[PDB]
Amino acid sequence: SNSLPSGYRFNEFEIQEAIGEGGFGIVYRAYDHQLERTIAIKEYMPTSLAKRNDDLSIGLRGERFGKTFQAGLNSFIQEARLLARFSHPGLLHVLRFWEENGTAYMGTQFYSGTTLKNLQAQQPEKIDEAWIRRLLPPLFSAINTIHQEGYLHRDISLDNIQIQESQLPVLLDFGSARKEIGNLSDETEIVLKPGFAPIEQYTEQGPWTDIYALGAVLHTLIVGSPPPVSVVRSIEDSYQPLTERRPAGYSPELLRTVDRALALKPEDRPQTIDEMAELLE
């Protein structure tokens, strides 16, 4: 692990545990001793470009990586600024941002529960049609809130949706720094998510782009895996409609909503979150 130790201090903040460690950042449970509350701290840390020094700052693995490391850092800052535009229960709430240790940190609300990806892996039996229909209103609301301010998410999958102990969802991360590093480094495999990204993301985009990814999430919950990669579909569409599979315990109404969200061409999908929600009625 490259993570700061339990007990490390950022003035009033104390690290408690590294709870997430991926290729591009570390997430810590932390504590604010001034306000006496638990928070999360997200630390930019691209492992392919940087390493942990003895004094616990971050340093480049090679001088040639500096330009890309800085561009990822700038994208991390821009994503924090985007999330700071909102005060919505389904969007990661940003408390503070600062630079230190050669990198940057976001202090955020700490959420109960775990990711949808982990829930689907650990407790698939909890995920049925009734549970999905309770998930959708607050998830629709969070995504639509982004859209109404003129932005798109563009990185939806199961990995970045938190399911709280209340079952309410939170969008945690837009992948901005990861995707910028991938574009600049020609590491194409870290930019789009296969099976979740629709055809128009491979090179126009709008609310329908996030709608397709949401359909791909729902498809994964219902049958266990995402639909075929969208470029492959654009050559020979092997997607078989869920209305035709008939997985046990799922209504044609929910199944056709997923199928419509997964229409290959943007114009054939629901055009807004509101349009997709109407399909379930």
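Don't overthink the numbering: it's just position in the shown sequence, from 1.
- Higher average CA B factor: 114-122, of the stretches 99-107 and 114-122.
- The stretch 241-249 shows the higher mean C-alpha B-factor when 65-73 is compared against 241-249 in the entry.
- You'll see in the entry that, of 34, 220, 38, 48, the Cα B factor peaks at 48.
- Annotation for residue 12: CA B-factor lies in the highest third of the chain's modelled residues.
- Sorting the modelled residues of the chain by their CA temperature factor places residue 150 in the highest third.
- In this PDB entry, residue 127 carries a Cα temperature factor that places it within the highest third of its chain's modelled residues.
- When the CA B factors of the chain's modelled residues are split into thirds, the value for residue 206 lands in the highest one.
- In this PDB entry, residue 19 carries a Cα temperature factor that places it within the middle third of its chain's modelled residues.
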